[PDB]
Each structure stands twice: as structure tokens, then as C-alpha cells.
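**Q** So that we are looking at the same thing, I have put the structure below in C-alpha cells.
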Amino acid sequence: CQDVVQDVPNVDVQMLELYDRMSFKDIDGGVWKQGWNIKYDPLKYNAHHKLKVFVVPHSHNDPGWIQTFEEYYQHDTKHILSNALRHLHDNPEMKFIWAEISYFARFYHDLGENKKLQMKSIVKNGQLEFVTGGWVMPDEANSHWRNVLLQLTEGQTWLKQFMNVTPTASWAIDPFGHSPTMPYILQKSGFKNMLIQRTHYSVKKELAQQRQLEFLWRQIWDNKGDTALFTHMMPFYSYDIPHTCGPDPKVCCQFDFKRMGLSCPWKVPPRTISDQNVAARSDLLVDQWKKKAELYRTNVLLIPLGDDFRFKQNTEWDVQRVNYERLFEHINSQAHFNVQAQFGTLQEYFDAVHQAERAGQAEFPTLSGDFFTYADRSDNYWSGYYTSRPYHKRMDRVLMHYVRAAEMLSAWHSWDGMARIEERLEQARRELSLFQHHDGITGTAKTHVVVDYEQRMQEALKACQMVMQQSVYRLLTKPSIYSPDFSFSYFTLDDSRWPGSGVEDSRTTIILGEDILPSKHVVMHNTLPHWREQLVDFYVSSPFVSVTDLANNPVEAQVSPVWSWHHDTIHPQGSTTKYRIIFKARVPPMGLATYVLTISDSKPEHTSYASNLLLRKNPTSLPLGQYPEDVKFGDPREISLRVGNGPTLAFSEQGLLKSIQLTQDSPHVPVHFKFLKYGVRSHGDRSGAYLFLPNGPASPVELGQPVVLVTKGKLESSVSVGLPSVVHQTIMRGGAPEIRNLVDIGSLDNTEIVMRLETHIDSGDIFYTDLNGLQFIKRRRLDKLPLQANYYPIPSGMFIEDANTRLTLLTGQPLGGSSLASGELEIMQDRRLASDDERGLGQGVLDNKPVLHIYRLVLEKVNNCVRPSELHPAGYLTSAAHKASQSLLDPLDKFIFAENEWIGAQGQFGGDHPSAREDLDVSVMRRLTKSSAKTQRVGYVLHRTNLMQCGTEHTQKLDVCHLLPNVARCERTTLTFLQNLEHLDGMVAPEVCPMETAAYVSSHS
Ligand SMILES: [Zn+2]
């Protein structure tokens, strides 16, 4: 296994290094506004050195943007694919690429067997070529790598099953910036090449000047270069026809034959090609092709031909095809050009380029880094969509977990198809996969489409719940008794974090009474492959509740009131009728643990009760029903809480973190939480769904006299405050604290609420942010770039550090963030925007809703951690910060038994499961076969992260091949499970390197 910490890789282009020595001057370049006047020596070409031109027709289909998936399908896509089928069949030289398998599967299943067989033949003879073959073309900023893999697997599994094809070339023309997470996943899913488009105009220029637009893209830690994937970056402003033929859109636009209610912004129409004009038109077009070709190293040239929802009408197919045939006919027949031009596919382009490389014509440069933050022109940076519609950004992370848990829980057995497990999981994977779309998780869709994404994720959440509860009941009910009704709710799920009480008071109360119902079974699930002890909580009808395991062993517990926040100013109210019972669940690896909540007359031996202090001016008292410890009152003051041997936090009199003492004999290190506002420019460019165009630095939010609630217990204490827009909360359980913001931006038009941390950590201009929750990349704040250019995606976490200290903020949701000054972290909470940012969405963001954002805050000493070289472009979390991220993304699942009595009940599942090293995760467990298959197969994805070593154990080799019994074989596979890469003679899974991801499939007899 490579070391990923001391060996800095040697690459031709390192984006962080490149960014430092880039001027980013926005020179007007000419006809190519963001580049220069391209010159070629025309004696470059002759009969032995021809230009080979691949014109590749395409149709960019959004699975939701201005219209819903189903709207666009009925209005546009089903016509595009009907016409593709007809026209390609009738025209053997005509070609077409297709990316979005969600739309293709919708179309294909509605065809007759004849059409279906017509479709297969035009895919078989390579006329219709699938590119990437993901369910969607996903967002690359906000998406978790798990969901990128999920949507890829969903698309390519469909393609294998129904087309017997597996694409090896990716097409990513529309995501708003590009992540190295894509080549990472693609290179481990069999891919050989990938195409990208949406990169900063200064980056297109810098690279075009060195002919570094095609590059071997490796990961930022990869010394050897086994992660390398061949990447073509398109050189111009857009993927449309005016921006794909060559450097002068005025010319290129005249070769968009559909534009003869569509016209050319540059006011020169396309003209029908004739014998009259063909020589003149071919000269114009080949001169464009030869200019574009100067930018690349081979004599092979990629010319995309398409745009959004193109190739819809039968006549658009004719007019594009026939005019380009005449051109090719003239051009290929005329030696003075030294061009061979034809319709081709993306794979044909890449094959030809590698034949040129193999034949010694070009050797390609190596690149590491990312392509964030994207700017299409001047100072219009696309950092807004890192935060837009943050409710659904949070919902993505919640549904991410429920799909993993539902797939894992149900994987342990084969189900009779009567149960409809397969159908639920398929619906759930697909709704999650569709939301990965670059107008889904981005929050760049119209209000009604966002509503559709939300209703789809809501259905999906409910399908997961039904699979999870049926699974738990089977796993923990004596087989001698197990006799399931597949349509019955044996458990309801309890989730204290989605949507969050405050977003919707809809957690069930467990009603106990010594006559009516004295005890209740609950079950915790732990999807992680190691032992976990995590405080869980339930709503209960009495405060006199005791916890036991099923062996009646007592478990220590704390009871807190249920608190709610209300508004004239903003104050808490206590329930007189329900309480929180809190206790430490201990759950096996990928396992279940049963506990029992029992009522008594009075304070039970093993249940403590939290105090409640309402730091408010001018008080009026609050009853809490039978809650034994009466709420205390007082005036605003500073407070200091500790829980367990964990940190001691100090707080202002507004209930905002002021400082953290780690250990008992260590200093009170300053750490100020603070809420600010960014607004919108009155003059010039307006912020929207996509763009972050702030009117100068953010300014403080007036807090007034905020009512500060303090709850203090043995197992959990918290400091909550009612701020304008935000109920801010610091929860303590004996380690890194948890931050919760109920964000209600309400009606504050043209406002972005940010949460900043101010420290004395000597970070300088350095901060780290994660990419797709997979890897942490080094950022340098660049004063030469405006504010919005120093904003980066925060899909999982950000951190600053100096010689001695590091502070890491982990997120439960993807959000925008920066370190705009030394020792600071900031992360945007929500944004409301009256104005459109003129990228075609035709609305602002005025559909905000309450969201509960969740964080963990890890202050740490790193002076005794082996930190990577100062030249290394990557950072790595500690164990503490990694486990803190796991507690946000994949917490324990809580189940409440629905019925009075549970005959069969067992207290544990997975006690015998191996407890793998802290840096290893079973990302995916998924059964691949239905019951009516003689060999059961189960797929596992293993990710091993890399944790900073600071010297601290005792675990046990996990081998996923033996997890289920009667293993007849297992294979190392592609991450989609679709290809075998290594027959494993042992039927043992070999161990996995730091930052590596590997898939295995185990077969059972
Ligand atoms: Zn798009």
C-alpha cells in the first residue's frame, strides 16, 4: 500500500500550485472572448498528416430543471428518443450519444418488442452510444461519493441488464465545476476516458496555451498513478454548437442548422449547404476545426453537435444530418483540406486519440486537483448552489443513510417476492439517484420541480422504513415463531434529526402506564462494521422510566423535558405531557441491540434528571408536569458546562460558544461562534440559485436580548438560544460537541445567513474542505480573487490548523464555506434571493423552509500527529474527526415496537460480526439476487479512509466474503459489481489500502 502522507506526487499540473501562479486577468481575447486569436501553420496538414474530425451529435436532457422529470419526458425526451430510433435506423452513418439512463429506461420499457429489438441493433452496431450511463449526470460539488456510485450503478446495471453494454467513456458537460471524485469512481468502475466542460475561463485559457486540456487525471495523494484517468476538458464557454465548432461563435452558430424561433445572437444565420456555397462554407468551418485542433496534441478532433433537448423534431434530424453530409462530402473529396470528417461517437474519439498516443504522436501531461469554484465569466462564481435549497441538501444525506441501512438490513436474507423488498429498494435507489442530478441537490430547479424531488425523496424514505422494520423483525424474532405479515408495521422509526422537532413535531410518544402498557421494546441498528456506543433518545409519556437490556440488566439513563421554540420575540415552552429518555445503546458491527423502557411510580434507581436554567430577563415561570426538577430562572450571564471527561465549553450571555478546554489541565482556547449576513449588489450582477455575488464582507446580525435555555445532565447537557432566523444549540455528550441550527430565514429577502468560527489558530491563508465526503483538499485563500471565489463546497467537513492546533467542523448536509481570514471557518446556512442570476432558471430563491442543520466541532492538538509534507495538496482527518463525521452521516437507527407484546424477541444480532479497524467502512451491502436464483450473490463496497497518525486499537480482520454462510466463491469486482477483476482463490477478501475503495461479490449455495 502507498504511503499517502509523506510522498508528494509529481504531476505536470497541480491545480492549487497552478492557482497561486495564475493572474486570472479577464482580458477580452477577440472572437474567442476568454482566450486569444488562434494561429495554425497550414503546412501542418498534408496527405500523410490529415485532420480526423469526429462530429458527435448529442442532446442534453435535464431529469428536472424548468420542468419535472415526467413533464420534460412527455414534452421533449420521448420525442428525442423516438426520433433517435427512427432516424438512426434509416441512416446507418448517422450517430448519437446518450448520457441520462433515467430518461432512457422510462422510454425503453414503454416500447413494443419490435422497437426494443430495433433499439438493441442501433446500440449493437455502435450508432447509439451510451456515455457514462449513470441514472443522471450528477452534481460533483454537493453529491456524496456514495450517491455518485449509487446513481452510476443504477444506470449501468440497467444498461447491462437490458442493452448488454457497459460504457467506458464518461460525458459530464453540465455540472458546475468538476470533482476528482468522478475519475476516482469511474477508474474503479472500468472506465478508460472522461470528458468535462464546466471549468473556470482562466483555467481553460491557461491549459489551452500549454495544450494541457487532455490530461491523465490522478488523485492528489496518488504517487504511483494507478488512479489516473484520461480526461478531455473542452476549451470554450459552453457545450452548444456556437461554442463547440471552434473559437468564433459567430461562425460556429451558422453550422447549427436548427437556427434558420431560434436564431444567432451574432446576427448571421445558418444557410442551407448547396453546390453553390459548399466550398465557401467548408473553408469557414475547416478553418474553425483547425483552430480548435491547435489546442490539442493529436490530429484527432472532437466536435460535439448539440444542445439542451435537441433532436426532438424529425426535421431537426434531417436538417443537421443532410447539411453536414454535404459538408463532409465536399471536405473529404477535396485534398487541399487534408481533412477526413464524419459523424462519430465519444468512444470513437478516445480510441483514435489513444491510437495516435500508441503511435508516438503525443505524450499527455499528468494532473491532480479539482475544478472548483467555476466561473463562466468575469466575477460570476457559482458558489451559490453550494447552499441553495439547503432543506433538500440535508434530505439527501438523510435518505443516503436510509438506503444504505435498508439495503444492508434486508441483505442478510432472501425475501419471498410477496414482501416487495426488491421494488421498494429499486424505487428508493432511483429517487435518491435522480436527486444527484446537477439541478437536484444543487437547488437550481424551479419551485414545482424542487417539490417533485422532495415528494420523490419522501416516498423513498417511507419505502426504506418499511424494508428496515420488516428486516429488524425477522432478524430479532425467534425463527420457531417468525411468521411475518409483509404489509404490517412491526416497528415505527424514531429520528431526532430529520426533519427535527421544530421543523415538524411528529416523533411518536411511547405512552406507558402500569395498567395500559408498562414496558416497550426499542431496537438500535449500527450500519458501521464496528462496535458503537451512542446516546439514543425517545419521547415518553412519563419521566419515571428505567432502561434495561432484554436480560433485565439495568442501563443508566437521563430524562430531559421536551422543549419547543415560539414567536410573538422567541422563547421556549416545555411539554407537561412528554419527556426525553436518553441512554447509551451499545450496538454490534452491522448489528442490532434490543432495550426495554419500563414505567414506575417514582424516580427509578438508574435514571437521573436534568436541571433546566432559563437565562432570560423579566421572567414568568414554566410548569413541566410530573418532571421532578423545577425549571430555574435568572438573568443573562456567561456559563461553563462539562459532560463526562469530555471538553469544558464556555458560552457568552447570548448562548454562543466562547471557548473550549479540552483536558482538565489544558488552556481555555478561544472559539467564538457568530452569525452574519451577506446581501445582494444593488448595482450590476445579482446573486441567484447559482451565483454568489455579495455586496462586500458579511456584517453582524443583531441578537437583541435572546432567551438562552440551559439543560444540564449526567449524560447530555445543551445551550439553546432563540436568535432572529436561527435557534442555535450546542449539545454535549462527553466528546466533540454537536451544533444544531433550526434555520428559518423567513422573509429576509436578498439575505444569506452565515455561521462563522473565530479562533487564534495560525492558519494564515490555508484551509481544507472535503470533496464528496471522500477526500480533504488543501485550499489557499487568494486575495487576488473576489470573496465568492474563496467559497468552496462543504459536502462533509472543513478544517484550519497551525503547528499545534486544528479545528474541524463536520456537516450533516452539503453547504458553502470558506476560511476568509486566519483562524476563521464560515459556512452558509440559507439564502433568499428576490432576483434571477440570468442562467435560464428565470426565478430567484423565495421557497426557503425551516431546516435543522447538524454539525460536530472538534478542537484538537496535532503537534504530535504525523502531518503530510507542507507541499502535499491533501489533508486527512483524525480518528476523532472521522468518527464525528460518521455520527452525523450514519447514526444508530432507532425502532419502536408498534404492538403491546413481542413474542420471540431476541436482544442482539451480529454479536459474532468482526469489528473492523476504525478507518474501514462497509459503504454498501446489497443482495444482488432475488429468491428464484439457485446461487445467492451479495455485493459489498469497502472504503478505507486515511486518518492522521498521532500514536494510539485491538480489532479483527473483516472478510465480507464469509459474512454470510455457505460461500461457494467471491470475486473482486468493479464498484458497480458489474465486472469481476480477480477470482479470489481463498474466497477471502484481501485487505484494502488507505484511500482505496474495492468491491467484492460473495456467492452462496
Ligand atoms: Zn443540465
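Swiss-Prot numbering applies to chain A: residues 94-353, 357-664, 669-1052, 1055-1107, in that order.
Cβ atoms here come from the backbone N, Cα and C positions, even for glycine.
Here Swiss-Prot flags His153, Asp155, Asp267, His534 as Zn(2+) binding site, drawing on similarity to another entry. Look at Swiss-Prot and you will find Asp267 tagged as active site, nucleophile.
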**Q** Near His534 (Zn(2+) binding site), which residues of its chain come within a Cβ-Cβ distance under 8 Å, counting only those 6 or more away in sequence?
**A** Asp155, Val229, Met230, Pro231, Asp232, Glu233, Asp267, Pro268, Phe269, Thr540
**Q** Just to be sure I understand the packing, how many Cβ atoms besides its own are within 10 Å of the Cβ of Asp267 (Zn(2+) binding site)?
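**A** I count 19 other Cβ atoms within 10 Å of it.
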**Q** Rounded to a whole angstrom, give the Cα distance between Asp664 and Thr669, which sit at either end of 4 unmodelled residues.
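**A** Distance between the Cα of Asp664 and the Cα of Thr669: 5 Å.
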**Q** In this deposited model, 3 residues are left out between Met353 and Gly357; how far apart are their Cα atoms, in Å?
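**A** Taking the Cα atoms on either side of the gap gives 9 Å.
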**Q** Between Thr1052 and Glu1055 the model skips 2 residues. Roughly how many angstrom lie between the two CA atoms, to the nearest whole number?
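**A** Those two Cα atoms are 7 Å from each other.
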**Q** Validating a neighbour-count step here. Other CB atoms within 10 A of the CB of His153 (Zn(2+) binding site): how many?
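**A** That number is 18.
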**Q** By a simple count, how many Cβ atoms lie within 10 Å of the Cβ of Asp155 (Zn(2+) binding site), its own Cβ left out?
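**A** 25, counting other Cβ atoms within 10 Å of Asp155 (Zn(2+) binding site).
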**Q** So around the Zn(2+) site, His153, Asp155, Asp267, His534 aside, which residues have their CB within 8 A of the centroid of those CB atoms?
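**A** Neighbours within 8 Å of the Cβ centroid, excluding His153, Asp155, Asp267, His534: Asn154, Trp158, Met230, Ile266, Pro268, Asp404, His533, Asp535.
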**Q** What does DSSP call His153 (Zn(2+) binding site) in the simple three-state scheme?
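**A** In three-state terms, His153 (Zn(2+) binding site) counts as strand.
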